[PDB]
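Quick setup: the structure tokens below cover two forms of a single protein chain, split into structure 1 and structure 2.
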Structure 1
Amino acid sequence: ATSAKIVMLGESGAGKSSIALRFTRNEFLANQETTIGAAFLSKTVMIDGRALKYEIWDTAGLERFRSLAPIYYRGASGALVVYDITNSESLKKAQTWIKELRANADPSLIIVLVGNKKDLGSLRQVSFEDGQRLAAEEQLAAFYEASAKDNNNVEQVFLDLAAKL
């Protein structure tokens, strides 16, 4: 297996931990304390060419302080910037995380935007096009809407990354 460090980013409550845990363990946990999610998760996948070990880094709740350590970002091949489609403020802050990620990691980083909790259709505050516009303005690698809870569109986010690595 060749390894790629992939970092989760985005506002508290967006679903970072739940996306990482859905992809790696095919589980979903409700109302978990922000500081208790595993900081480091992994899954090895057979892509075209090769076995790829995703080394997924999660925040351990430290984004509550609105900053993350240089070290978190350093050596990432990829980044998932997660917002909550039910929370317009979370999409505004996604753009802040994209600028921090660009300040701290390689210019070659693959950056993906993910609008999570699409299962909460009644509470939606931002449109698909809101997220697509941000991905266009910031020239990101990809944009998806997903549900960590229903396991809708999570696997695809990570497999599409492989390609670009």
Structure 2
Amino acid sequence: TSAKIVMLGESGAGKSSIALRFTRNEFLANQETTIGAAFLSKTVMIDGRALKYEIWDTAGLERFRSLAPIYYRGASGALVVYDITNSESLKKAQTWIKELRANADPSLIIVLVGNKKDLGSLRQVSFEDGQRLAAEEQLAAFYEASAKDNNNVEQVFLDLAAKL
């Protein structure tokens, strides 16, 4: 069985870095902005039974927003990513969550992920503030993570998988 997941969120928050870290163990300090949504795969075991993630890594720039439904229409899950160092990205994440609730399948499982936890002092979003959004929106899970340090990336995907 397979998990069809879409990555959404403001450009620069680290959608491609998370999905490449998870699927390929690849991180780039100079990851290029995504033009057309990229497809990425990986198989992971659940509690014995095998599982294939099929991930659509969307371009986050607002000019590519109208393309996002092509990638979210058949999705089982969405990871809506923000950057813990940039307060504005959390409000962008809230807009995506609302858009998904209005336009996507009501069974869609949404996980909120605050990325770049490794950037210490530059944090602008508290754990408390990110989770307040996830609780207010009754999302499936809330994690802070670091694609760069590979911290909590595996755990976000495993958690999401168990909720599908």
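Here, a residue number simply tells you its place in the sequence of structure 1, counted from 1. What we label the rigid core is the largest C-alpha set whose atoms superpose within 1.5 Å from one form to the other.
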**Q.** Rigid-core fit between structure 1 and structure 2, the member of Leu109, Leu120, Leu62, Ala135 whose C-alpha shifts 2 angstroms or more
**A.** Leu62
Q. Taking the rigid core as reference, does the Cα of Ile36 move 2 Å or more between structure 1 and structure 2?
A. yes
**Q.** Angstrom displacement of the CA atom of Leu9 between structure 1 and structure 2, core fixed
**A.** 0.5
